[PDB]
Novice: 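I am attaching a structure below and will ask some questions about it afterwards.
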Amino acid sequence: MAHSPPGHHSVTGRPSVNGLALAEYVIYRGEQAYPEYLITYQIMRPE
Amino acid sequence: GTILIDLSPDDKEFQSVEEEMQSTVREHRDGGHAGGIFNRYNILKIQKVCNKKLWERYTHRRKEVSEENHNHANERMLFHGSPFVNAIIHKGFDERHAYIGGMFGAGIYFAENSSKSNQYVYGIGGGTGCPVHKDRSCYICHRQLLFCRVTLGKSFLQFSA
Ligand SMILES: Cc1ccc(-c2nc3c(O)cccc3c(=O)[nH]2)cc1
Ligand SMILES: [Zn+2]
């Protein structure tokens, strides 16, 4: 993996074109996330 | 040392996790190419992932970050979709689970939009879709996503398309 930018712990990707998109985030150390919930699902065909 | 505990659909915790999953679906610029065409999900199961060693690894690092950032971990709950979901819940996140070609460099990527994470369930770009039908928009096969506790600390802001 790469390193966080100097003086930072993560990167935030702010949406700058699509006004409906929410943010995306990147961490560079696996210890900074815990997989708390496992969700099993199907996508549903629109009617 | 991981165990999976099923939540009941009547449990408040099941219901608040389902609502975050459903309410963060959006349309994608690929018209559904990577993750399929859908406005909502059929939730089949929600399980709590319990591993004492992995939790202590997380909290140890959270405390380091917080102490570097005026006692503020900047902790969020975010989605992650991956072909490696089964390894992640048993061994934790590490360098093997990074998106090497991501536009913010090789790191582990998380989304506010559950539908963004759904694009990676079957691999980068949806890979070849489900293993059974080779269909990125399969409505039959069961998918899995993680809803994760993530320490951001001081985050670098990238404005981007
Ligand atoms: C091998 C691999 C590659 C990308 C992902 C992934 N990428 C994301 C992204 O680029 C933005 C927002 C979320 C994700 C994500 O959930 N998984 C997971 C595993
Ligand atoms: Zn299928």
Side-chain angles (χ1 to χ4, degrees), chain A residues 22-25 27 30-47, chain B residues 1-28 35-62 73-93 97 108-122 126 129-133 135-152:
Chain A
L22 304 178
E24 302 170 19
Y25 301 87
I27 63 177
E31 303 92 331
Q32 273 169 236
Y34 182 82
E36 210 152 314
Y37 299 93
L38 180 65
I39 300 170
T40 308
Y41 67 101
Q42 292 160 316
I43 59 164
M44 285 178 72
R45 185 196 297 270
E47 70 185 344
Chain B
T2 293
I3 76 171
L4 303 177
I5 302 296
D6 282 27
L7 297 178
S8 166
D10 300 322
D11 186 332
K12 68 184 178 172
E13 211 178 334
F14 184 107
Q15 291 162 15
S16 61
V17 177
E18 166 157 21
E19 181 63 15
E20 187 74 355
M21 182 84 174
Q22 298 286 14
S23 64
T24 63
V25 177
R26 62 170 177 90
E27 293 181 310
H28 289 269
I37 302 175
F38 64 97
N39 300 317
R40 65 195 169 100
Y41 311 106
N42 180 27
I43 304 292
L44 298 164
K45 190 182 286 283
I46 307 182
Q47 296 165 297
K48 173 100 81 163
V49 177
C50 305
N51 188 310
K52 185 161 171 292
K53 173 169 131 57
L54 292 179
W55 176 249
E56 283 167 8
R57 182 169 92 114
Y58 177 71
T59 60
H60 185 262
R61 178 55 182 165
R62 184 176 65 183
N74 196 24
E75 180 175 273
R76 306 300 175 78
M77 292 298 302
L78 296 170
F79 298 96
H80 186 79
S82 180
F84 312 125
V85 56
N86 206 71
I88 290 161
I89 63 173
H90 288 105
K91 291 149 145 279
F93 286 104
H97 310 126
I108 305 166
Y109 285 61
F110 294 87
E112 288 181 6
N113 285 119
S114 69
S115 60
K116 176 55 158 193
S117 292
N118 174 74
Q119 296 185 317
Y120 295 86
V121 164
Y122 297 130
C130 66
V132 175
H133 307 99
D135 185 357
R136 291 184 292 268
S137 194
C138 186
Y139 298 110
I140 299 161
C141 288
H142 293 191
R143 304 180 182 214
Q144 293 186 317
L145 271 187
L146 297 170
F147 191 44
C148 303
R149 194 175 291 269
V150 183
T151 288
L152 301 174

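Convention: sequence-line order gives letters A, B, ...; per-chain numbering from 1. Note that these values count all heavy atoms, side chains included, but never hydrogens, waters or copies made by symmetry.
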Novice: What's the spacing between B:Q47 CD and B:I3 CD1 if we round to 0.5 Å?
Specialist: 10.5 Å
Novice: Students often mix this up, so state it plainly: with edges at 30° and 60°, are the rings of B:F84 and B:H97 parallel, tilted or perpendicular?
Specialist: tilted
Novice: Measure the shortest side-chain to side-chain distance between B:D6 and B:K45 over non-hydrogen atoms and say whether it is less than 4.5 angstrom.
Specialist: yes
Novice: Does A:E24 have any side-chain hydrogen bond (donor to acceptor under 3.5 Å, both in side chains) partners at least two apart in sequence or in another chain, and if so, which?
Specialist: none
Novice: Considering all heavy atoms of both residues, which atom of B:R62 and which atom of B:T151 are nearest to each other, and what is their separation?
Specialist: CG-OG1, 3.5 Å
Novice: Measure the shortest side-chain to side-chain distance between B:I46 and B:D11 over non-hydrogen atoms and say whether it is less than 4.5 angstrom.
Specialist: no
Novice: Between atom OH of B:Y41 and atom CD of A:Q42, what is the distance when rounded to the nearest 0.5 Å?
Specialist: 13.0 Å
Novice: Looking at CG of A:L22 and NZ of B:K116, how far apart are the two atoms once the value is rounded to the nearest 0.5 Å?
Specialist: 11.5 Å
Novice: For the residue pair B:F110 and B:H80, categorise the inter-ring angle as parallel (less than 30°), tilted (30 to 60°) or perpendicular (more than 60°).
Specialist: tilted
Novice: In sequence, state the C-alpha distance, the side-chain angles, and the governing distance for B:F147 and B:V49, and then conclude on side chain to side chain contact (heavy atoms under 4.5 Å, CB included).
Specialist: CA-CA 10 Å; B:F147 191 44; B:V49 177; over 6 Å; no
Novice: Taking the six-membered ring for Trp, is the centroid-to-centroid distance between A:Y41 and B:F38 below 6.0 Å?
Specialist: no
Novice: Taking atom CD as the centre, does B:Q22 end up with more than 12 heavy-atom neighbours from other residues, nucleotides or ligands that are less than 6.0 angstrom away?
Specialist: yes
Novice: Are there over 12 heavy-atom neighbours, none belonging to B:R26, within less than 6.0 Å of that residue's CZ?
Specialist: yes
Novice: Checking B:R149 against B:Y58 for the side chain to side chain donor-acceptor pair (under 3.5 Å) test, could you report, in this order, the C-alpha distance in whole Å, the side-chain angles of both residues, the deciding distance, and whether it holds?
Specialist: CA-CA 9 Å; B:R149 194 175 291 269; B:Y58 177 71; 5.7 Å; no
